[PDB]
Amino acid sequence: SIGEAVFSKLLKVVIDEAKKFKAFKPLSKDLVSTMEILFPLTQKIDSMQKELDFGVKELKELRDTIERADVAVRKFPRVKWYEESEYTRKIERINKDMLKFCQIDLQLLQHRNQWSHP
């Protein structure tokens, strides 16, 4: 019930970097709104570091979606103007993935971790 923060730490970095691009709304409004929804769920996943193992496919895909947001945010300053639509579509799909992840059943997650299955 207490945890050292890693998912939530890596997510707060991505939020603080995205917020800087106020003029570009798919990042600073849409994506940070989704990421701020997802942020408490990352906090309580990190608090459950004992009951969960972060290797399962759901948490590995959480890692990978937050890392796609990270990579996209860090490359934004070099997105050329004629890549706008392209990049926006990419940002939107990151957004959608994060939202679907926010429907994760944590109790079933730690359940499947405490007891073996087929």
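Don't overthink the numbering: it's just position in the shown sequence, from 1.
Asker: Taking the mean of the C-alpha B-factors per stretch from the entry, tell me the winner out of 43-51 and 72-80.
Answerer: 43-51 has the higher mean C-alpha B-factor.
Asker: Between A18, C102, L11, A23, which one tops the list for C-alpha B-factor in the PDB entry?
Answerer: Highest C-alpha B-factor among the listed residues goes to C102.
Asker: Could you tell me which third, lowest, middle or highest, the C-alpha B-factor of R93 occupies within its chain?
Answerer: As the PDB entry reports it, the C-alpha B-factor of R93 lands in the middle third of its chain.
Asker: Can you work out whether the C-alpha temperature factor of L62 puts it in the lowest, middle or highest third of the chain?
Answerer: Middle third by C-alpha B-factor.
Asker: Check where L27 lands among this chain's C-alpha B-factors and tell me if it's the lowest, middle or highest third.
Answerer: Bottom third by C-alpha B-factor.
Asker: Splitting the chain's C-alpha B-factors into thirds, which one does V56 fall into?
Answerer: Its C-alpha B-factor belongs to the highest third of this chain's values.
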